[PDB]
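# Survey of secondary and tertiary structure
So you can see what is in the structure, the chains are spelled out below.
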Amino acid sequence: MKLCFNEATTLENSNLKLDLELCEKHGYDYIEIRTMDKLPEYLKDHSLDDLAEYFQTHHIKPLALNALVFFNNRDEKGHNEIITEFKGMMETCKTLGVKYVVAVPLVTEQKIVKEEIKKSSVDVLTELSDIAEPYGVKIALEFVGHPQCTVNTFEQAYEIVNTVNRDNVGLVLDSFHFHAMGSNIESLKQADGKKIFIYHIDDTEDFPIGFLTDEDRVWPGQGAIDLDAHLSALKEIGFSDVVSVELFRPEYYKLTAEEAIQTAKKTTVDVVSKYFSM
């Protein structure tokens, strides 16, 4: 199983250029590039071609572009924003050799029935799938374990992915998100491992579901998530490609970029290697 670094981990104490240098130095196989801040920042004094050249001449590679944000249940205008950004991301993926694009569900205060959320999500993901085919890029739907996210549990997200029924549409299983709204481990054990595109590892302070937010995450193994169960389930259903470490804790931004990157690697490897050869 390969090791990936998610830039949220060093959101406030690093940049893409430095993340690349340090992740490469510390043996990471992949990096998830953030499109809302890190990439634009990098492009202020660098070209996409420069970045493509970096990946061509180093071991590390870009696993995914992080988050096409709030893709479902949008009005005509919002849908246009979503499709326009996705099309732009396809060109970025092509230039950099990016394998996946992470899709994040709409976060809203509005109550929408689950079948309306499912129909919209399925329709949009199918449209995104159609667009992605000529690029060979795959979409990974990341359900978010937040009480205001329209798709906040594993089974709800899995139902959507299965209904879309496309080889280029799968899931991002994030341990924190799975734990944060109480997803059922039995549902994961009954899932098709091939539909799990990316696995995000992290842990959390033990607050009740509903109260948990991303700032509550802690290093893998230092929290209350039943990571033993998550890892055991992933192994049982055949998933084993890659694990990416993603943190949003203010405390860790106090560390240097390298300390954070090295700690993210040690905690992750020490936990994951107990189930998977790395």
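Judging from the entry metadata, X-ray crystallography is the method by which this structure was determined, and 1.60 Å is the reported resolution.

When you go through the chain residue by residue, the secondary structure sums to 10 helices and 10 strands. Once the C-alpha set of the chain is aligned to its principal axes, its extents read approximately 45 × 40 × 35 Å. Buried positions account for 54% of the 278 residues belonging to the chain. Residue pairs at least 24 apart in sequence account for 81% of intrachain contacts in the chain once pairs closer than 6 positions are excluded. Counting 28 positive and 48 negative side-chain charges, the chain places the averaged centre of each group 3 Å from the other.

A word on a negative patch on the surface. The grouping of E41, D45, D49, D50 and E53 at the surface amounts to a negative patch. Here the negative patch gets three residues from one element, more than from any other, and that element is helix α3 (residues 48-56). Residue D45 is classed as exposed on the basis of its relative accessible area of 58%.

Following both chains from N to C, one finds helix α1 (residues 16-25) and α3 inclined at 5°, their axes separated by 12 Å at the closest point. In terms of orientation, α1 lies roughly parallel with respect to α3. Listed contacts from α3 to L16, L20, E21 and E24 of α1 are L51, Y54 and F55.

Burial along strand β10 (residues 242-245) is two-sided: the residues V242 and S244 and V243 and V245 are all buried. As paired strands, strand β1 (residues 2-6) and β10 are joined by four bridges and run parallel to one another. In the strand pairing of β10, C4 is matched with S244. Where strand β7 (residues 196-201) meets β10, three bridges bridge the pair, whose relative direction is parallel.

Taken in spatial order, the eight strands line up as β1-β2-β3-β4-β5-β6-β7-β10 and close into a barrel, and their pairing is parallel. Shown here is a sheet whose adjacent strand axes are inclined to one another by a mean of 30°, direction ignored. Helix α5 (residues 114-132) contacts β3 (61-69), β5 (138-142) and β6 (169-174) of the sheet and is inclined by roughly 155° relative to β5. Here helix α9 (residues 227-236) sits on the sheet and contacts β6 and β7; the angle it forms with β7, its principal contact strand, is near 160°.

Procedures and definitions
- Throughout, residue numbers begin from 1 within each chain and advance along the sequence as written. They need not agree with those in the entry, and any residue without coordinates is left out.
- Here the side-chain values reflect all heavy atoms present in the structure, with hydrogen atoms and water set aside.
- Strands here mean DSSP runs of E at least two residues long; helices mean DSSP runs of H or I at least four residues long; both are numbered from the N terminus.
- Burial classes follow relative accessibility: with a 1.4 Å probe on protein chains only, a residue under 20% of its type's maximum area counts as buried, one over 50% as exposed, and anything between as partly exposed.
- Throughout, a residue-residue contact means that at least one pair of heavy atoms, one from each residue, lies within 4.5 Å.
- For the purpose of charge, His is not counted, nor are the chain termini; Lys and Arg are scored as positive and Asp and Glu as negative.
- For the purpose of locating charges, the reference atoms are NZ of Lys, CZ of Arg, CG of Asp and CD of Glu.
- Residues qualify for a patch when their relative accessible area is over 30% and they have no salt bridge, like charges being joined within 9 Å and the nonpolar side chains of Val, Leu, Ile, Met, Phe, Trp and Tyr within 5 Å.
- Here the Shrake-Rupley method, with its probe set to 1.4 Å, supplies the accessible areas, and only the displayed protein chains count as covering residues.
- What makes a salt bridge here is a side-chain nitrogen of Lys or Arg within 4 Å of a carboxyl oxygen of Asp or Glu, nothing more.
- Axes here refer to lines fitted to C-alpha atoms; in helices the fit is confined to the stretch in contact. Angles between the N-to-C directions go from 0 to 180 degrees.
- Angles are sorted into four bins: roughly parallel if under 35 degrees, roughly antiparallel if over 145, roughly perpendicular if 65 to 115, and oblique for all others.
- One requirement defines pairing of two strands: DSSP has to find at least two bridges between them.

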